[PDB]
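Protein chains in written order, with this note's numbering: chain A, 291 to 531; chain B, 291 to 531; chain C, 291 to 531; chain D, 291 to 531; chain E, 291 to 531; chain F, 291 to 531; chain G, 291 to 531; chain H, 291 to 531. Backbone N, C-alpha and C define an ideal beta-carbon position, used for all residues, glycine too. The structure under discussion appears below in the form of structure tokens.
Protein chains: 8
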Amino acid sequence: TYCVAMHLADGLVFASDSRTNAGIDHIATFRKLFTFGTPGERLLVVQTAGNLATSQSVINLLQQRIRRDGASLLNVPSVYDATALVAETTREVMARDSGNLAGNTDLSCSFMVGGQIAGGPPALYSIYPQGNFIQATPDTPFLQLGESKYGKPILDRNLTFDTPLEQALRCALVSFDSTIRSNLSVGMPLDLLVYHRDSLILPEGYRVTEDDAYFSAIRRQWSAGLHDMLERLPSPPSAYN
Amino acid sequence: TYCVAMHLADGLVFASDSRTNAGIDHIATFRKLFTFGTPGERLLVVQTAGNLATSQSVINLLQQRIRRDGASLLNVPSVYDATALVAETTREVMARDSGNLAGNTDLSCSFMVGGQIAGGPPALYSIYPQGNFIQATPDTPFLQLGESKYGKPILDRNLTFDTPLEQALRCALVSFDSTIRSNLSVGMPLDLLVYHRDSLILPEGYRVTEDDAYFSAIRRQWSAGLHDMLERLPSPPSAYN
Amino acid sequence: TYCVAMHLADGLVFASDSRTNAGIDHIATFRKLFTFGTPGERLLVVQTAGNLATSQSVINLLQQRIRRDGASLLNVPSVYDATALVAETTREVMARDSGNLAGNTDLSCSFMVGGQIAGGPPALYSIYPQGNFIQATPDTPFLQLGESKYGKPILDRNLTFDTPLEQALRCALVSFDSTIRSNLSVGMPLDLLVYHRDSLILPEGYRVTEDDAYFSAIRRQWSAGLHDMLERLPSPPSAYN
Amino acid sequence: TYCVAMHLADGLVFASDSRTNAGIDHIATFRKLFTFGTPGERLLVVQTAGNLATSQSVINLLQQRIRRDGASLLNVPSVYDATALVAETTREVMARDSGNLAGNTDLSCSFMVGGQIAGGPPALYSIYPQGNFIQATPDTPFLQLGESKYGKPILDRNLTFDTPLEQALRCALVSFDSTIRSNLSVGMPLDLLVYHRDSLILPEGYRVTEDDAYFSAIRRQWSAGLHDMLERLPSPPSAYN
Amino acid sequence: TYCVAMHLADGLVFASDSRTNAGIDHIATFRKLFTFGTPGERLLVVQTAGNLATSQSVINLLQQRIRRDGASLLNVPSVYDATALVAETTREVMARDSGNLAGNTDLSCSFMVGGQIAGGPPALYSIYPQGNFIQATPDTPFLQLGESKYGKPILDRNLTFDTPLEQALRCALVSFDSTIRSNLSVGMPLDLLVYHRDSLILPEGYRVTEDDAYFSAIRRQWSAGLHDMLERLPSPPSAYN
Amino acid sequence: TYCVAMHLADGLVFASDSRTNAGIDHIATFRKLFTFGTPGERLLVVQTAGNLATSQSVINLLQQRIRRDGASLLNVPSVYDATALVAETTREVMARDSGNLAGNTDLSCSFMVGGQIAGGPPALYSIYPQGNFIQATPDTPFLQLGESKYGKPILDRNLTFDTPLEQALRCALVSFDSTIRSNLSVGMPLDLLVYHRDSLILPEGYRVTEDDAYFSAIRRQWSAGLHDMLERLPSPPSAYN
Amino acid sequence: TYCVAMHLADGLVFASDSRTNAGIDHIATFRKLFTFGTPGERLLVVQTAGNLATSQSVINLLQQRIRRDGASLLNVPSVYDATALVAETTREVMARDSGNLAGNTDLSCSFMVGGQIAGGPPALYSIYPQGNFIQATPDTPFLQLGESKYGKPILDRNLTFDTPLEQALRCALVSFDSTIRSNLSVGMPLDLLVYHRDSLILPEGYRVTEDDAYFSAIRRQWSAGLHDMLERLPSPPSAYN
Amino acid sequence: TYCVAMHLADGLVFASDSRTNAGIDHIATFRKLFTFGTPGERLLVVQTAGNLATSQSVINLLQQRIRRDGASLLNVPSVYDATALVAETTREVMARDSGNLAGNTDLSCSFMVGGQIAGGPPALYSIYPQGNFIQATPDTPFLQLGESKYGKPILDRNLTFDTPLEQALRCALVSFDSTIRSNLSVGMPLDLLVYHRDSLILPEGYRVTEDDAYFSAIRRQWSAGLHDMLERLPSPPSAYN
């Protein structure tokens, strides 16, 4: 479980893995990036991390309620209020499943909610386990969920609000490369989605499998590159021994 | 707090940061790499991570006991037994400080113990919070303590049992570069030590400050390198949008 | 005790064994697949694993309550809510039988709940011992209960959301074949049920006995096949000795 | 962690994975198959599963003690007594590391010990977590450690005391194939060793990596085979719906 | 103490011995089969096994409470709920007699509860020492309490859901014959009751004494039969010596 | 696990199953009947039941010690002393494997030891979990180990000191028939041995597999016989309803 | 200490000795049969055996509490509940006197509680040292406390539910005769009470002393009778020598 | 288990039952009266009670040692010394079987040793569980083992040193009658032996089975007699109600 989202000058980029702890000796693939919207009016993306049961219930309720007269991700007036609604829904799920039977088992999960509603700029929020949230800004234009330390440095180094979408996406992919190599809890397939500021369309998004030609290639290249740079770095002076 | 140690064909390489959480609003510099030994007979290095009070007490008792007739890091017959002694000492410290007054505060810490005693190969162990330990091997030739996910990938990618010492050290430094950029809890100065297999001398080791010419240079180079490789990676195919 | 359920493009497939630990020196046959519904409106299937007393009580209450004005598997508005109801009922049963008299004996059990209610797609959930549940998806389209590691690989290898029902069923049967050979706790007769997406009928389902001509045949074939493939695999090179 | 050993008419075959849980967020490669002996006099193989710290300590002490006047794997008069010595050593390690500091953490591990000493037949034992052990026989000629249910069926189906070594090894590899696909805690490289009855030599053994041409090939073949056989199985009769 | 109960297509059959361990050097006769009901409305039978004191208290309270406005075996809406009530009552009794004074003495007992209440089919449950219970089904149509292994085989071999009552009873009697011969803790008189599906009458039931003409006769016949069959079985081939 | 041994006027008969609990989810085949002796001088048979590890170790030590100058099953002056030696050996094995590591796991096992040594009559003993033993006599001429209640009645009914060997063996086989049908922990193959009083030869003994023509036949006959006798028994009189 | 009670068709009969171990070298007379009740409403009898201090304290508290608003032997709704109250009281007494000071001394005692309360049949219970109790029934119509084996046979032989009260009493007296002759811990005076079913009066009861004309007479007669019968029995045949 | 022995003016009489607790759910027949001697020189009888394993071992060793140059029941100079030897042998057996493996299980047993050695009068001893013994005398001419309270009164009443043998034997038989009726742990067949003072022959002794004409007859008579005497006893006076 590792998710990244970026809010940049030209729009939004989202990327999630799929490897999921679904119980003991049951590790499995589950989509962690979900889209919602009405074409020409709004796009909203939700990413998930943490307890599967909880996050599934949250997503499921959001879907059921879309087709119902009352508060829903389709009628909510701002990305902020969408984020609040997701949190609100999370609280509701935690209230029901909590009891003596759950015991000490850890039901918490976290989310990212981003997108654009007609008449206001695109936005991106992250909701924490405890249900309070923060918003990405130009100074801090990307947010992560899950097992994210491994792939943070490459984003810190290169990403900024002005990074174009194609490059941000590339950058995200390198993030996943390192993460996947160093931590088995994170794993393919990946799910990506790029959204263009003011387009107000629902992009189809794209899934990166084990076989993906492009992703295989940039991984091979990135390895060769790092190995090269390392050998061509200078030796430490006398002093260091 | 981030420490790395490597046990390679040609010897051992150790590196630690110094930034330490010593209470609220009191972040400070403390050495996390300590050496012990008698020239021509043995070298032992201990690195620390976790609770400052605990680790300090452990190190302090190991030093006091060196100058005393009984079990000590200078008479212990093997690196294994040295590791065991450190652990033994840790248990002793935890027993004394534990009480109602400590309450729920977290007194645990972890260590690495590596080196060489005359008449057997060099070795490297890591002691866990709970006092049990593991040994580095050719298949898993480096071990980390502290805040280590950020700088793990570069080691996973490039380091192997056969990597020479000068290159392993270099590799470690890049590990610290990324870590420092992405996590404030980790910070300079760094303390390094390189030990040559069968030398049985106590290297002086070296401290890398903010001002270090060499470290500044390889950071600047590494940045330029990464930035280059990133721009010269190919674009995603049509399919990805 | 081994149960499998699959949620595929064309519908649902369920399969359970019947061998049951009913106490010490009392191993016995009990159905572990139960159906509910009203023709033209809904089909729901519940499978059971774990403590017999507990699961029986749960099923029994669900049956009694069907014929009663209030929450029941026949009036519940979605497969989700059905799953929730089963869980709710489980909690109720655990509460009552728990006491000093039970002592340390393990009263937990698990369930699968799947089916289709008029006006929404078919769905499949698995409820864990602790009462929280997950939903099968296209990326993870089958779920297991009980003693399931033995027969997992064949499903992992061949089954996907798009697998047709007849082939999924066949696949399940091979899963049971391996399981039965390698673990005595699992045993015949088996109980199967196939449901076609949007049919909204209650299939009669089918019981596979010791004598079943078809199942005997595919077991014999599958053996011969495996034995053949193994002999016709190449020899390991020189290197391997 | 998955290990298999077979004691057959023509000798012994051993195979182990290397993926090891070494702490939280620290999964790593460690050899789990170790050899000992004097050429023309004896071969002994020890495989490990369970807690890394414990098993490492046991192996380490056995190695140190080989080079010492007293009970050791090189002077022990029978494979039985070797097994007993390993167990004896395990007890010793558990006694020392046990204390308040370990707490509720699970230090147990299991071993296989097999081989041949001059003047008696080859033998194979498995030591349980609790320190008691069993011997493989003609009726039960293979033994497993670790995560073994996934790959048990293929061994149950095909393996017997009279299976030749080359075919037993092949069989083991298919066992690992299924296991690796269905459980991420098991992983390459693998380590194999084949020993010929009465040879009294120390085979070098062989390591199967990710890249291995032969293993890659039989995996590809085995997949194609299974897929074929599945499509060419008959359809269930009318009765089954 | 040995009890059997069967739930068959045509109704229920119950049979119990009477020999009871009432303390040290005090073995005695106590009825272990009790009936309750209102003619034309319900029949319930309770059988007992285990601690005399505990089971007596349970039965005694059930009787007292029948003549009292509140939950009782006469008003309870289903055989299920009757079983639950018995269990509920058992818990109550165990709570009271438990203390330091009882010490380690074993107060547990088990029950069978079967019968029919107007408007639903007949049913049969068995309650375990720990208070949870199971229901007999067509696949497992008989249940035993007490010292039951001796007489199990004849029931396993011959009894099924479709066995008529007169034959099931006969079968039960042969079960008791073997048991009584092979285990002194079981002993006559026996108590039988046969109930016809949908009759809703309280059969008087019947006691089999030492002197019973019919039971004496079938025992004599059964012996002669077994002895005959044994002598007329063929001799083992050469091979067997 | 079910073993029987008989000491009759004409000699000894031994029979054991092979199904063995070797751990959780690991049920397997292991021989439970072992022979020892020198032709023309002695025959001794040992049967085992209970913990596999313990019984294997006992048997293994007895074998090793046979080929060694000191107390052994070949030099022991009487069947009594043989039994004592087996017990003695058992104590030795329990002493070693006992420790904190075993914990509460149950290491006990039981044995039968029977045979004949030149110059004295044949004899048969049974050793209990606690190491004390009894001897079979004319009044109690058979002894059982393991899961024996199921097949006791047929032996109680028919077997006496004067039963000839061929008929005793036949009787034993029927005992196994019933046991196997009613308890899964008991299972084929079976191992038999018949020894003729004063022959002083080592019979080869015989193994009964699943496929055995004779055993299959008498099982089929015995079923038919029982079914016949049951239908031809009279009906219970009026009185019984 | 020897007490008997019988529950017969026509009522109840109680009889107790009086010899009591009250400490070392202090054997003494204490009544062991106590009556309670309100004429025309209820009769309850309590007999005691075991530790004097304990039983006295129990009786004493029951008496004090009779004259107090709350649970007492006079308001309790059934003989069952009376028995439960006695047991309850016993627990209370054992709780208080238990401590380090008592040490290993044995404070346990047993009771019989029998009688009749208006509106339900007469009943008789026996409470065990541990506080659980049993009820006498038609099949087991008498119960004993204390040193009872000596006088059990005459009761087993002649007493049944239908035995009239005058004959039962006579039978009890012979029981005491044998007991007194064969065991010095039992001794006169005796205390009797006979109660007629449905009389609901408090009989005065009667004390049998050393001097009692009737008891002396039947003892003398019984001796003469036994001596006669013995001489007029036939001689053993030739065979017996 | 119930044994009696008498030492009278005219000789000795011994009688034992045979019912034996041989383990849980294994009650069986074993001889508890054993004879030894050389005609014209000595007769010794040993009776056993208590733990089967222990008493069997004792008897077995006494038999083996008879045929050996050293202390044995045939060379021992007095009945006293014979008794001492038995005790001595018991100690030896307890020493060997005692260990951690026996645990808390109760290995004790008791014996009677009686008979006559040329040149001194006949004698009779009883050995207690703790190995010290007593001798029967004219004032206390009979001794019992096992479950003996039931049949003590008839012996106390009628037996004296001067009772002739035929009458003492008869008396013993009545003792067994009552015991058997009132306690199931005691049971037939019985074993008797009568020895005539100064005869110095080994009587064959006699076994009383279920079918014995004489014993059946005196039981029937004794019942009728007791029943008669009881009905012919006078009624209690007015006073007693």
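- Looking from the CA of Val369(D), the closest CA among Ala426(D), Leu435(D) and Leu397(D) belongs to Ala426(D).
- Of the candidates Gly436(A), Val383(A) and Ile508(A), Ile508(A) places its Cα closest to the Cα of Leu459(A).
- Residue state for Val294(C) is assigned as strand, using DSSP reduced to three classes.
- Residue ranges of uninterrupted alpha helix (DSSP H) with 4 or more members, entirely inside the stretch 358-404 of chain G and ordered along the chain, are 369-387.
- Chain-order list of chain G residues neighbouring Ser308(E): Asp429, by C-beta distance under 8 angstroms.
- The residues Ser362, in chain order, have a CB closer than 7 angstroms to that of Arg355(D) in the same chain once the five nearest residues on each side in sequence are set aside.
- Against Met384(D), the close residues of chain F are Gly389, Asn390 and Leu391, in the order they occur along the chain (beta-carbon pairs closer than 9 angstroms).
- Residue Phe320(B) holds the alpha-carbon nearest to the alpha-carbon of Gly340(B) among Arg357(B), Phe326(B), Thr328(B) and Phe320(B).
- Ranked by Cα distance from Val335(A), the first of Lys322(A), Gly313(A), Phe505(A) and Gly515(A) is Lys322(A).
- The C-beta of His297(F) comes no closer than 9 angstroms to any C-beta of chain E.
- The closest CA to that of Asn448(D), considering only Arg358(D), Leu435(D), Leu520(D) and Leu463(D), is found on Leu463(D).
- Looking at the DSSP output, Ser306(C) shares a beta bridge with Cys293(C) and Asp481(C).
- Nearest CB-CB separation between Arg381(C) and chain A: below the 9 angstroms threshold.
- Segment contact: the stretch 479-494 of chain A against the stretch 298-310 of chain A, three or more CB-CB distances shorter than 8 angstroms; contact assigned.
- For secondary structure counted as the alpha helix (DSSP H) over 4 or more consecutive residues, the stretch 497-528 of chain C holds these complete runs in sequence order: 503-522.
- The beta-bridge partner set that DSSP reports for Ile424(E) consists of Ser416(E).
- In the structure shown, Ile314(D) adopts coil according to DSSP, grouped into three states.
- Among the residues of the stretch 352-382 of chain E, those with a Cβ less than 8 angstroms away from any Cβ of chain G are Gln354, in the order of the chain.
- Those residues of the stretch 439-454 of chain C placed with their C-beta closer than 8 angstroms to a C-beta in chain A are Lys439, ordered along the chain.
- The secondary-structure analysis by DSSP pairs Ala339(F) across a beta bridge with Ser400(F).
- Per DSSP, reduced to three states, the secondary structure at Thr430(E) is coil, with no helix or strand assignment.
- DSSP, reduced to helix, strand and coil, places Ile491(H) outside both helices and strands of the structure shown, so it counts as coil.
- Apart from the 5 residues on each side of it in sequence, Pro428(A) sits with its Cβ closer than 6 angstroms to the Cβ of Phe451 in its chain, given in chain order.
- Close partners of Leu482(D) in chain A (Cβ separation under 7 angstroms) are lacking, with about 23 angstroms as the shortest Cβ gap.
- Taking the Cα positions, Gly515(E) is about 48 angstroms away from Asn422(D).
- Taking a cut-off of 8 angstroms on C-beta distances, the stretch 370-386 of chain D touches the stretch 390-397 of chain F, as three or more cross pairs fall below it.
- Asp371(D) and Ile349(D) have their C-alpha atoms roughly 16 angstroms apart.
- Looking at the backbone, the Cα of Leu482(F) and that of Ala503(F) are separated by about 15 angstroms.
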